[PDB]
Amino acid sequence: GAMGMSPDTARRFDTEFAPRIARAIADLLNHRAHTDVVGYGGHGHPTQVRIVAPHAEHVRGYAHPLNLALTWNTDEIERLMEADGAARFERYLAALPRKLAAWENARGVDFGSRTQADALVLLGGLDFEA
């Protein structure tokens, strides 16, 4: 039926929502990290936003630069197409500072230090709930 398995659905996320997240995060971190959206590049290429923070100028400790890959459940992405879906997205933006701080403490990541004590921080199964 009408579920989020359309190349139009994926495009909508890539064009409307994904750049909004990337730019919001980059600006929130005062450009301490460069954000790049892996857009929809054909069937089999999922959309996801990477947040990278290289060039550790005044930070020395862990030998791992910030490389975060944010991914979200396609069901939730499907919901974004609805009116309450946009409302879901708006709620997620309001909780950016909250989830960000949560990830720092839990995932061993420090955005201010532009470094991490992990090997690589991949975040899957995320939703736009807050």
Just the residues that are surrounded by 14 or more Cβ atoms within 10 Å (Cβ to Cβ) and part of a strand (DSSP E or B), please, taken from the stretch 28-51.
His34, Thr35, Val37, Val38, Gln48, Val49, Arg50, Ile51
Could you count how many residues in the stretch 1-51 are β-branched (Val, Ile, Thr) and more than 18 Å from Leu126 (Cβ to Cβ)?
1
Extreme residue, nearest to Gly112 (Cα to Cα), among residues of the stretch 1-27 that are surrounded by fewer than 16 Cβ atoms within 10 Å (Cβ to Cβ) and among the aliphatic types (A, V, I, L, M)
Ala24
Output the residues belonging to the stretch 87-122 that are at positive phi and among the basic types (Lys, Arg).
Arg114
All-but-one check, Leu100 against (1) aliphatic (A, V, I, L, M); (2) touching a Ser or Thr at 6+ places or on another chain (Cβ under 6 Å); (3) within 15 Å of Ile21 (Cβ to Cβ), failing number (2)
Give all pairs with beta carbons closer than 7 Å in which a residue from the stretch 64-90 that is in contact (Cβ under 8 Å) with a residue 40 or more places away in the chain and more than 12 Å from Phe13 (Cα to Cα) meets a residue that is aromatic (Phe, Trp, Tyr) and surrounded by 15 or more Cβ atoms within 10 Å (Cβ to Cβ); count only pairs at least 6 apart in sequence or on separate chains.
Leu66/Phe111; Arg88/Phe128
Looking only at residues that are over 9 Å from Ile77 (Cβ atoms) and among the aliphatic types (A, V, I, L, M) in the stretch 1-19, which one is nearest to the chain's Cα centre (by Cα)?
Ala18
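A short reminder: the numbers here are calculations on the coordinates, not readings from a lab. Positions of Cβ are backbone-derived with ideal geometry, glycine not excepted, and every protein chain shown enters the neighbour counts.
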